[PDB]
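Notes for the one structure printed next.
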Amino acid sequence: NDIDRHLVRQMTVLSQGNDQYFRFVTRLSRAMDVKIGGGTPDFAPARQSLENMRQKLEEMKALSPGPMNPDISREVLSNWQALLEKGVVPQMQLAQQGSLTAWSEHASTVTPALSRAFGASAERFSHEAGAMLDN
Amino acid sequence: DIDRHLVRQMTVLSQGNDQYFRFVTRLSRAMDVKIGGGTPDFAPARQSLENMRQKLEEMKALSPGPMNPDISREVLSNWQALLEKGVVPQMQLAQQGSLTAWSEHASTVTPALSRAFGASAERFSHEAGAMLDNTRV
Ligand SMILES: [Cl-]
C-alpha cells in the first residue's frame with residue numbers, strides 16, 4: 001500500500017488533530033476551573049495540546065492533497081487553520097491574560113462553530129478515504 | 001490494518017466527546033428558554049444524548065481491538081457512567097425537576113463523571129498516539 005498508506009496516514013493525522021482539540025478544550029477547562037475556584041492555574045497541559053494540534057496541521061499539509069480530490073484537502077487544511085488561528089489561539093490567550101467572561105463567551109460560541117466546521121470537513125474526508133480503501 | 005482500526009476508535013471517541021459537549025450546551029439553551037417562561041425545544045438535546053449513546057455502542061463493538069484491554073475498559077465504563085448517571089438524569093430532570101434538581105445535579109454529580117471520562121480519554125489518546133507515531137521506548 002502506497003496510495004493506501006498515504007490515505008491512512010492522512011486519516012490518522014486528521015483523527016489525531018481532532019483528538020488534540022478535545023484534549024486541549026478539556027485541559028484548558030480544568031485549569032480554568034481551578035482559577036474560578038480561587039486557585040493557581042497550570043496552563044502547561046493545554047499549551048501542550050495546542051502545540052500538538054499545530055504540529056499535526058503541519059504534518060497534514062506535508063501529506064496533502066495526496067491521492068484525493070484536491071478540494072476537500074484544501075477544505076480540511078483551511079478549516080483546521082481557522083480553528084487554530086481564530087478559535088484555539090485566541091481562546092488560550094483569553095484564559096492567560098483575558099477576562100473570564102471574554103474567555104467563556106469565546107469558548108462557548110466562537111471556538112465551537114469553528115470546531116463543527118473542521119469536524120464536518122474531517123468526516124467527509126474520512127468517508128471518501130474509507131470508500132476508496134474498501135473498493 | 002491496525003492503523004485504520006485504532007483511528008476508527010479514536011474517531012468514535014472524539015465524536016462521543018463532541019456529542020457530550022454539545023449535549024451540555026444544547027440543554028442549557030433549552031433551559032434558559034424554560035427559565036425565561038418560554039416553551040423549550042428538547043428535540044436537539046435528545047438528539048445529542050441519543051448520538052452519545054450510539055457512539056458508546058459503536059465504541060463497544062470496536063473494543064478492545066488492538067488497544068490495551070485495561071485502557072479500553074476504563075474508557076467504556078467511564079463513558080457509560082457519564083451517560084447513565086450524568087446525562088440521562090439531567091434530561092429526565094430537565095423535563096420535570098427544578099433548579100434544586102436539574103441545575104444542582106448538573107453542577108455537582110455530572111462534573112465528577114465528566115472528569116473521569118476525560119481522564120480515560122487521555123489515557124486512550126496517549127497509548128494510541130504512541131502506537132501510531134512509534135513514539136514508545
Ligand atoms: Cl491541499
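Reckoned from all heavy atoms, side chains included, excluding hydrogens, waters and symmetry mates. Chain letters run A, B, ... following the sequence lines, proteins first, then strands; residues in each count from 1.
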Against chain A, label B/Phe21 side chain, backbone, both or neither, depending on which of its atoms sit under 4.5 Å from a heavy atom there.
side chain
B/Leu13 versus B/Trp79: any side-chain heavy-atom pair under 4.5 Å?
yes
Does a side-chain N-to-carboxylate-O contact under 4.0 Å join B/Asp1 and B/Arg8?
no
Tell me, do B/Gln54 and B/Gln15 make a side-chain contact under 4.5 Å, heavy atoms counted?
no
Contact origin within B/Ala128 toward chain A - heavy atom pairs under 4.5 Å:
neither
Which atoms of A/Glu123 are under 4.5 Å from chain B, going by heavy atoms: the side chain, the backbone, both sets, or neither?
side chain
Any donor and acceptor pair, going by atom type alone, linking the side chain of B/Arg26 with main-chain N or O of B/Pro44 inside 3.5 Å?
yes
If you count heavy-atom pairs within less than 4.5 Å of chain B, which of A/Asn18, A/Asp33, A/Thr26, A/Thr12 leads?
A/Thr12
